[PDB]
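Student: Chains as they are written, first to last, in the entry's author numbering: chain A, 4 to 300; chain B, 3 to 299.
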Amino acid sequence: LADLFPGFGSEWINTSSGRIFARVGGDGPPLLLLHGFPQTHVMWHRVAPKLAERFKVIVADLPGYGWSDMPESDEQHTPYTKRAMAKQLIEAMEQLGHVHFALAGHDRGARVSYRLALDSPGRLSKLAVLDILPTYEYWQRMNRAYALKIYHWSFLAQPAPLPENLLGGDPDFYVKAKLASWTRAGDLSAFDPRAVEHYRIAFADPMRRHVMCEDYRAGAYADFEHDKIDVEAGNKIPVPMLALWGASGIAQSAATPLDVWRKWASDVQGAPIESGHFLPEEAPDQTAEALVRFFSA
Amino acid sequence: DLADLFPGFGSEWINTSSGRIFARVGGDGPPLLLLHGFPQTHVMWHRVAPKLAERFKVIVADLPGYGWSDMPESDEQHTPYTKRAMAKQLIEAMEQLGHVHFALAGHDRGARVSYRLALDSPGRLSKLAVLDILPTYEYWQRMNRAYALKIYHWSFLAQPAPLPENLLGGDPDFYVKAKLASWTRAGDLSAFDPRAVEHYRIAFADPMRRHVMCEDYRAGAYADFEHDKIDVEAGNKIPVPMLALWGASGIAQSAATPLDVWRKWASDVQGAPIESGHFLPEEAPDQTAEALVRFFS
Numbered sequence: 004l005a006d007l008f009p010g011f012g013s014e015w016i017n018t019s020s021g022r023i024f025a026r027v028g029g030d031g032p033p034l035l036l037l038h039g040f041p042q043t044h045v046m047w048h049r050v051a052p053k054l055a056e057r058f059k060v061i062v063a064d065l066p067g068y069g070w071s072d073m074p075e076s077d078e079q080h081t082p083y084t085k086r087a088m089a090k091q092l093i094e095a096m097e098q099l100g101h102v103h104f105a106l107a108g109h110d111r112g113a114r115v116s117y118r119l120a121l122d123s124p125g126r127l128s129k130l131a132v133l134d135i136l137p138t139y140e141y142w143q144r145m146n147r148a149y150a151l152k153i154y155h156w157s158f159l160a161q162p163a164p165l166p167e168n169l170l171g172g173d174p175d176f177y178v179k180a181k182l183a184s185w186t187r188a189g190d191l192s193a194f195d196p197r198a199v200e201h202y203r204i205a206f207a208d209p210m211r212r213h214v215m216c217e218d219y220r221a222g223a224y225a226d227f228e229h230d231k232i233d234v235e236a237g238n239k240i241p242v243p244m245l246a247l248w249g250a251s252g253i254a255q256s257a258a259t260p261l262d263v264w265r266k267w268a269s270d271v272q273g274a275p276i277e278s279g280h281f282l283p284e285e286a287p288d289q290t291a292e293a294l295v296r297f298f299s300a
Numbered sequence: 003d004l005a006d007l008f009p010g011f012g013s014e015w016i017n018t019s020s021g022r023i024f025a026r027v028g029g030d031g032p033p034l035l036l037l038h039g040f041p042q043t044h045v046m047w048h049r050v051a052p053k054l055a056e057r058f059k060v061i062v063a064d065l066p067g068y069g070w071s072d073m074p075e076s077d078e079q080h081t082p083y084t085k086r087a088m089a090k091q092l093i094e095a096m097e098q099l100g101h102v103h104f105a106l107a108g109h110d111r112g113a114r115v116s117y118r119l120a121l122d123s124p125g126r127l128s129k130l131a132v133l134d135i136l137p138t139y140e141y142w143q144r145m146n147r148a149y150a151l152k153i154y155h156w157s158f159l160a161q162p163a164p165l166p167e168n169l170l171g172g173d174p175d176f177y178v179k180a181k182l183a184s185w186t187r188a189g190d191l192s193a194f195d196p197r198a199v200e201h202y203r204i205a206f207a208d209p210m211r212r213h214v215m216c217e218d219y220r221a222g223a224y225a226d227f228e229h230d231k232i233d234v235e236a237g238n239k240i241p242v243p244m245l246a247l248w249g250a251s252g253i254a255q256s257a258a259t260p261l262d263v264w265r266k267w268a269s270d271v272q273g274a275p276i277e278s279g280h281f282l283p284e285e286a287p288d289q290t291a292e293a294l295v296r297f298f299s
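1. So, under 8 Å CB-CB, B/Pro-74 and B/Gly-112 are touching, yes? Tell me the CB distance rounded to an integer number of Å.
2. What residues match up with A/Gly-29 in a beta bridge as DSSP calls it?
3. Can you tell me which residues form a DSSP beta bridge with B/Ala-105?
4. Report yes if the CB atom of A/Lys-85 is closer than 8 Å to the CB atom of A/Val-115, and no otherwise.
5. With a threshold of 16 other CB atoms inside 10 Å of the CB of B/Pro-82, please say whether the residue is buried or exposed.
6. Are there three or more Cβ pairs, one per stretch, closer than 8 Å when the stretch 265-279 of chain A is compared with the stretch 158-177 of chain B?
7. When the Cβ atoms of the stretch 193-201 of chain B are set against those of the stretch 192-208 of chain A, are three or more pairs found closer than 8 Å?
8. Using the three-state DSSP reduction, which class does B/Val-178 fall into: helix, strand or coil?
9. Taking only beta carbons into account, state which residues of the stretch 80-96 of chain A come closer than 8 Å to chain B, listed in chain order.
10. Buried or exposed: which applies to B/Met-210, given that a residue is buried once 16 or more other Cβ atoms fall within 10 Å of its Cβ?
11. Are the C-beta of A/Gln-161 and some C-beta of chain B separated by less than 8 Å?
12. Considering only residues of the same chain and omitting the five flanking positions on each side of B/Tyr-139, which have a CB-CB separation below 7 Å?
13. When you compare each of B/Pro-32, B/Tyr-154, B/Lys-90 to B/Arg-57 by their alpha carbons, which one comes out closest?
14. So who's on the other strand from B/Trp-15, going by DSSP bridges?
15. Taking the Cβ atom as the reference point for each residue, do A/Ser-251 and A/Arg-187 lie within a distance shorter than 8 Å?
16. Enumerate in chain order the residues of its own chain whose CB-to-CB distance from B/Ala-223 is below 8 Å, with the five nearest sequence positions on each side excluded.
17. By Cβ distance below 6 Å, which residues in the same chain neighbour B/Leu-245 in space, the five residues on each side in sequence not counted?
18. Under the assumption that B/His-38 contacts B/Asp-110 (Cβ atoms under 8 Å), give the Cβ distance between them as a whole number of angstroms.
19. Starting from the beta carbon of A/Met-145, find every residue of chain B whose beta carbon is closer than 7 Å, and list them in chain order.
20. Can you determine whether any heavy atom of the ligand MN sits closer than 7 Å to the C-beta of A/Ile-61, and answer yes or no?
21. Closer than 8 Å, CB to CB, is A/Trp-142 near chain B or not?
22. Please report the distance separating the alpha-carbon of A/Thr-43 from that of B/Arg-220.
23. Should A/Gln-98 go down as buried or exposed, given a rule of 16 or more other Cβ atoms within 10 Å for buried?
24. List the DSSP bridge partners of A/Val-271.
25. Going along chain A, which residues have a C-beta under 9 Å from B/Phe-104?
Here is the structure:
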């Protein structure tokens, strides 16, 4: 597997729920980058160098993803709820001495991020979320059109071992299909093939696939419940936040992203980027510029 | 290999302009067509059809593309697997038997054919019974988080080929058994005759058959919904006396109280819950059979 972060260190961060793998590079204020599904921390490899010019950039595999340890799940999918993941990453950052940090997340990692910001806003200086709306909003917008677009939200949340069993016949196909289907071009051309091999290898592990289903199961249940509480309580993220979404990404299919994020966040700015879902790989320069600008003041 | 679950029924290959319809035919009296759904074949009627064959000419047909019926070539609109096309094809099949006015009971996909048949060609039907469905439009209209999770396969199987085909290919025996079990009251396969499960398993083992099923679901997400929408918007009601049966633990009762729903779609509908999951004729054969004989005779 290729090293896509030349000069970045490698950290195995112990937490109470398992080790968090991260690449660490740069200097300056700490910036935690969180990938999503079906990816690993390497999806940041095209923007993290630019960030590392200005920030101490920690590029972490989510709990259960990549090379992070996989906590055993339970009937409530607890370790794969974003609340739990957020607590675990808070612990990881504390192990590095980062109790107040900037956070950019993509996809599942963005869900961890905004849940972190709701649960533990004091930990964040600024938050960027890439190509998501809150989990509650996706579910609340789950009509025919969206159920077809993000069918995987309900498919991967089916009780084990149904998606696991189907995924296991040809894991390569599914990970490549999801990477391709959510890009602007509809193929794998936006990705570095070395990055794709990282994603594919991670997906080849039946336990990693199970974790991904657990993440989606949490996404269908506890994550939704946690968001529902906040949205019904009018809890808003108080951390200044950037919502970036791809013009051809997933978030803009459900709804206009800034309008939605303004319901969740008291201090949100937003920008579309001409890109499919995978902003940092499809549009690394625009993404990296957006993030540097936002986190730089 | 495959048991004959209709002793004393004939076996008829009915030619149509779109391919052969396989049917078991027994009994004498007014013709009654029984249509199975997914992921089953005509043999799902094996426990109720002999009771029906006491008073009716019972024709127990595999849906177009299912079971042993031929698989018409699909197209980009999934035309042959739209319920309107399957209804047309079954009307033609019944015409080959000289049945231009018949009773019709359908379960699951076959019930969708049946009510579409009733809407498109109500003169063809004396009486219609639909088992454990609401109209396709209603499922999509009701689409929300809860229904999305419950009937996730509506969106999963409707994904563009070859995504669901490849996934189903990962563990087809598991999938068909999981569907059967998960939609019963028991939650396992104990309501089924193992010889019937063998029929369903073998049908499901054929990739071409699985492709047809995905075509059926793709139709169900697109054209079938559009056809239904036209009828809702025109206020077109089914004028054929109809019986809506649903499993107290079935799919239909979740989304909305089925009689109340069907009364929007049909002018003369009676309904009854059956103490069963989705597979009324197999989980509750006596209760189902009685209800059908009472209604049809």
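Using N, Cα and C, we set each Cβ at its ideal position, and we do this for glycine too.
Tutor: Short version:
1. On the second sequence, residue 74 of chain B is found 72 positions in, with the first residue counted as 1. On the second sequence, residue 112 of chain B is found 110 positions in, with the first residue counted as 1. Going by Cβ atoms, the distance from B/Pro-74 to B/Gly-112 rounds to 16 Å, so no, they are not a contact pair.
2. Locating residue 29 of chain A in the first sequence gives position 26, where the first residue counts as 1. A/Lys-59, per the DSSP bridge assignment.
3. Start at 1 with the first residue of the second sequence, and residue 105 of chain B comes out as number 103. B/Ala-105 pairs with B/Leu-34.
4. Residue 85 of chain A sits at position 82 when you count from the first residue of the first sequence. Residue 115 of chain A sits at position 112 when you count from the first residue of the first sequence. Yes; because the gap between Cβ atoms is below 8 Å, this pair is in contact.
5. Start at 1 with the first residue of the second sequence, and residue 82 of chain B comes out as number 80. It counts as buried.
6. no
7. no
8. Working through the second sequence from its first residue, we reach residue 178 of chain B at position 176. Of the three classes helix, strand and coil, the one that applies to B/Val-178 here is helix, per DSSP.
9. none
10. Sequence index remark: in the second sequence, residue 210 of chain B carries index 208 (1-based). The residue in question, B/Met-210, is exposed, as its Cβ has fewer than 16 Cβ neighbours within 10 Å.
11. Position 158 of the first sequence, counted from the start, is the residue given in the question as residue 161 of chain A. So, interface residue.
12. Here residue 139 of chain B is taken as the residue at index 137 of the second sequence, counted from 1. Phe-227, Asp-230, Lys-231, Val-234.
13. For the purposes of this step, residue 57 of chain B is taken as the residue at position 55 of the second sequence. Ranking B/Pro-32, B/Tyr-154, B/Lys-90 by Cα distance to B/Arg-57 puts B/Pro-32 first.
14. Indexing the second sequence from 1 puts residue 15 of chain B at position 13. Partner(s): B/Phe-24.
15. Here residue 251 of chain A refers to the residue found at position 248 when the first sequence is read from its first residue. Here residue 187 of chain A refers to the residue found at position 184 when the first sequence is read from its first residue. Cβ atoms of A/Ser-251 and A/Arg-187: closer than 8 Å.
16. Along the second sequence, one-based indexing puts residue 223 of chain B at 221. Counting only Cβ-Cβ distances below 8 Å, and skipping sequence neighbours, we find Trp-142, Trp-156, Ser-157, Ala-160.
17. In the second sequence, residue 245 of chain B corresponds to position 243, counting from 1. Hits under 6 Å: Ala-131, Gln-272, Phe-297.
18. Residue 38 of chain B sits at position 36 when you count from the first residue of the second sequence. Residue 110 of chain B sits at position 108 when you count from the first residue of the second sequence. At roughly 7 Å, the Cβ-Cβ gap stays under 8 Å, so B/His-38 and B/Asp-110 are in contact.
19. Counting from 1 along the first sequence, the entry for residue 145 of chain A is found at position 142. Those within 7 Å of A/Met-145 in chain B are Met-145, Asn-146, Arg-147, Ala-150.
20. As presented, the structure is devoid of all ligands, the ligand MN included, so that no description of it is given.
21. Numbered from 1 along the first sequence, position 139 holds the residue referred to as residue 142 of chain A. Cβ-Cβ to chain B under 8 Å: yes for A/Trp-142.
22. As a first step, residue 43 of chain A must be located in the first sequence, where it is residue number 40. As a first step, residue 220 of chain B must be located in the second sequence, where it is residue number 218. Looking at the two C-alpha atoms, the distance is approximately 32 Å.
23. On the first sequence, position 95 is the one that residue 98 of chain A refers to. Classification of A/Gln-98: exposed, given that the 10 Å Cβ count is below 16.
24. Stepping through the first sequence from its first residue, residue 271 of chain A is reached at position 268. For A/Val-271, which the question treats as bridged, DSSP gives the partners A/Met-244.
25. Within the second sequence, the letter at position 102 stands for residue 104 of chain B. Under the 9 Å cutoff, chain A gives no residues; its nearest Cβ is about 33 Å from B/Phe-104.
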